[PDB]
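# Reading the structure
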Amino acid sequence: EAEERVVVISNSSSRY
Amino acid sequence: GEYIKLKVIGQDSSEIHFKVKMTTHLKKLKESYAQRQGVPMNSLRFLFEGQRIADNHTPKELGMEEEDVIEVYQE
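Reading guide: rules and limits
- Residues numbered from 1 in each chain as written, not as in the entry; some residues may be left out.
- Chains lettered and ligands numbered in written order.
- Heavy atoms only, no water.
- UniProt positions renumbered as here; feature names shortened; annotations may be inferred.
- Contact = heavy atoms within 4.5 Å.
- Buried area = accessible area lost by both parts, 1.4 Å probe.
- Salt bridge = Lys/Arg side-chain N within 4 Å of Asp/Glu carboxyl O.
- Pairing = 2+ DSSP bridges.
- Helix = DSSP H or I, 4+ residues; strand = E, 2+ residues; numbered from the N terminus.
- Core = buried A, V, L, I, M, F, W, Y, C linked by side-chain atoms within 4.5 Å.
- Buried < 20%, exposed > 50% of the residue type's maximum accessible area, 1.4 Å probe, protein only.
- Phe/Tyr/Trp six-rings, centres within 6.5 Å; stacked < 30°, edge-to-face > 60°.

Going by what the PDB entry lists, chain B is known as Small ubiquitin-related modifier 1 and is assigned to Homo sapiens. Among the UniProt annotations of chain B, the heading Sequence similarities holds the following wording: "Belongs to the ubiquitin family. SUMO subfamily."

See below:
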């Protein structure tokens, strides 16, 4: 029995 | 707005649910699903009511609502 799976789908600091 | 929760049904009847906003591009869902299945995204086709879901389709464009189903098949 699989458990429920819910996935949520939600630059000057750069140095390279 | 609010997230709606979509159920993605695999060929083996497994389910992964995804929360997306009405303006989210569904490529993001497809990529996450393929990642979790351990297969290339381009090996799968995702259907809503039998119609192909494009990378840039949104739930709003497709008329999707809470608890709608997406089916995944091999490409």
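The structure having been displayed, the exposition proceeds.
### So, the interface of chain A and chain B
When the parts of a complex come together, some accessible area is lost, and that lost area is often taken as the interface size. On the chain B side, the residues contacting the 7 residues of chain A number 14 residues. When residues of chain A are sorted by the area they lose upon contact with chain B, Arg-5, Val-7 and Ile-9 of chain A head the list and together hold 69% of the total. At the surface where chain A touches chain B, the tally comes to 1 salt bridge. A salt bridge links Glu-4 of chain A to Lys-5 of chain B; its shortest N-O distance comes to 3.7 Å. Pairing of strand β1 (residues 6–8) of chain A with strand β2 (residues 15–20) of chain B involves 3 bridges; the strand directions are parallel. Across the sheet, residue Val-6 of chain A finds its bridge partner in β2 of chain B, namely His-17 of chain B.

### A short note on the nonpolar core
Residues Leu-29 and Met-64 of chain B are the most contacted members of the largest nonpolar core, which totals 20 residues. Listing elements by their share of this core, those giving two or more residues are β1 (4–9), β2, α1 (27–37), β3 (44–48) and β5 (69–74) of chain B. Apart from the residues lying within four places of it in its own chain, the contact partners of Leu-29 of chain B are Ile-9 of chain A together with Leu-6, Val-8, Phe-18, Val-20, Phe-46 and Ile-70 of chain B.

### Some remarks on the packing of aromatic side chains
To describe a pair of aromatic rings, you give the distance between the ring centres and the angle between the ring planes. Residue and element names in this part refer to chain B. Tallied over the entire structure, the rule returns 2 aromatic pairs over all chains. With 5.8 Å between their ring centres and 85 degrees between their planes, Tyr-33 and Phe-46 make a pair best called edge-to-face. Of the two residues, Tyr-33 sits in helix α1 while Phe-46 sits in strand β3, which places them 13 residues apart along the sequence. Residue classification places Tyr-33 among the buried positions, given a relative accessible area of 3%.

### Structural notes on α1 of chain B
Taken residue by residue, α1 of chain B has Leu-29, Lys-30, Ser-32, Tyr-33 and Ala-34 of chain B as its buried positions. Buried residues belonging to α1 of chain B abut β1 of chain A together with β1, β2, β3 and β5 of chain B. Just past α1 of chain B, the residue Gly-38 of chain B takes up positive phi, approximately 70 degrees.

### Here's the deal with unusual backbone geometry
Residues and elements named next belong to chain B. One non-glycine residue, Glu-49, adopts positive backbone phi at about 55 degrees. Take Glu-49: it is sitting in the loop between β3 and β4 (51–52). The class for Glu-49 is exposed, based on a relative accessible area of 67%. Positive phi is not limited to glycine here, since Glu-67 has a value of about 70 degrees.

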